[PDB]
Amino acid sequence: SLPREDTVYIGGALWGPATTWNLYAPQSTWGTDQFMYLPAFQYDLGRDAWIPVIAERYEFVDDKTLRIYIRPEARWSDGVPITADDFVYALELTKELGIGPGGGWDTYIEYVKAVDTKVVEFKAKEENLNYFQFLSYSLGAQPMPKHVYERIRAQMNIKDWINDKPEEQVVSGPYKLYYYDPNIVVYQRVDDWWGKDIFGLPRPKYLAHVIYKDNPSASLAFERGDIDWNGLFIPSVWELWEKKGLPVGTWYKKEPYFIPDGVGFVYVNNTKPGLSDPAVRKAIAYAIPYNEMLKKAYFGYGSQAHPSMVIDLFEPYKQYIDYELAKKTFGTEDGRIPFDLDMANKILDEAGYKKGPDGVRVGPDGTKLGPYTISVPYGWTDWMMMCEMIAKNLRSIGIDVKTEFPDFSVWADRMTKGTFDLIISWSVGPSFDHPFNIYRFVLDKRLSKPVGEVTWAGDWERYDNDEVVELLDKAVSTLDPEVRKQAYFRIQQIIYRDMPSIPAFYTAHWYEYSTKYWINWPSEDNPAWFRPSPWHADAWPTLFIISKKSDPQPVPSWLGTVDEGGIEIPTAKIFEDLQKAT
């Protein structure tokens, strides 16, 4: 019963049921992090700059001490000021509970301290000084409402709290929950949002997400005009406007249609017998039919990933790849891993795996290579097809793998708790600290948890290597790019030796829009925000950029770097200030 012209309908972001609106719970509902809880500074990948959001300003006291000045206007939706205590509390709670925003901060941050009501100070750890992580955890810090969470902690386990009462929801963002049921989640704009005199208001009054069971049903809704903002895999997407003449668009009008999101992996659980052998993981890498699955399953919307984990779609990242090592190791022109079942079988043969009567390999200890599952969420039809193609090839070489596609919530539980065998999942994307970010997320045991315990922070596969930890600790102890590069090069040697999990393809930043009710969507022709996908962590500025068709507004004046006429601080300026404070 929502007003259509004041509602943005969304697809491809929420899969399975609503769970909670609590970032410390094992699962929370799409929209919670994106729109309800904002950071100190919002990183802008498109401009390589930082929007001062809850923060007004930063200051380096020295190269290891960063003060963040909170806007006087920054205020929770219940009227309580956002204070330095809220920043300290959020991070200390994440450390205590082993889950929540800012996971891992305490590895590279010595302290977070409320030096005044509106001033928070972060101090870098010097033992393993890491300037990227220092900046990431400090500038990107997300406060959480201490006064709310302490009340909850007195009543119950914070992990059990649903936070599902609209009137009582205490948020820092411009939206909060309005309504939900088994078929929809709806958010409503906070009209007296604290940021209204700095950022304006987002244009939609409501954000609604009907819960579709699969891609085909979501696609049908999109074709009917019932989804405005979509983050969906869509086969033959160009035909929506070329053949069907629908008022629909993507970032690119021509192929590949989508900008890149990150790196999709075949994650292989290192804790399971058989899968714990690097030889088996290497064999799996050679048995993935990269080219065929990316054409048939992925419609050419993304290409094969480089095994270094570096996103070589961007020229400036190519310096971080030891191409000679990759070429030497894999025998291909660029060092990508070839699809080669002969090689996969050879690897298993040379590791002492012999096929038994049923055709399944048994190791020299003799661990049987199966039964295993490969799993992705039901309805994610592109990934499901990839899984089927991969599983069949693995069965061919004597690894007993079958597909299993449970509801998203169940899949996510098994991934985060590390009870899976194989899955396809995401990792990280292009960023100011790439490829440090992907090595940290995928390879760092410190971000993992025991099997049975939830981690959203990293290392789902439970890879355990102490040399990687040492290399991550030294990679950015100075800003000399050569030190970083050599750390990355050695990590790459370790990746090829251990095959902790398999970088497979560059994931698409799924993003489609309808112009029927909402206009000025970011695109190649209007590149106002480079992370517009409705499920992306950094989606929120999109909602300030779009207008109602019947009420067009100008571009928000705060957008753009300081030199361009907005309020965004270039990453280069932050590093300039850091070096100057040394």
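In case it trips you up, residue 1 is the first one in the sequence shown, and so on.
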| task | Quick one: say whether 530 to 538 or 57 to 65 has the higher mean Cα B-factor in the deposited entry. | result | 57 to 65
| request: Taking the mean of the C-alpha B-factors per stretch from the entry, tell me the winner out of 146 to 154 and 76 to 84. | output: 146 to 154
| Most elevated Cα B-factor in the entry, residues 120, 412, 129, 457 | 129
| said: Can you tell me which of 420, 439, 511, 320 has the maximum CA B-factor listed in the PDB entry? | reply: 320
| remark: In terms of its chain's C-alpha B-factors, the third that includes residue 30 is the lowest
| Third of chain Cα B-factors occupied by residue 48 | middle
| field | Chain thirds of CA B-factor: placement of residue 352 | value | middle
| task | For residue 291, return the chain-relative third of its C-alpha B-factor as stated in the PDB record: lowest, middle or highest. | result | highest
| query | Once the chain's modelled residues are ordered by C-alpha B factor and cut into thirds, is residue 203 in the lowest, middle or highest one? | reply | highest
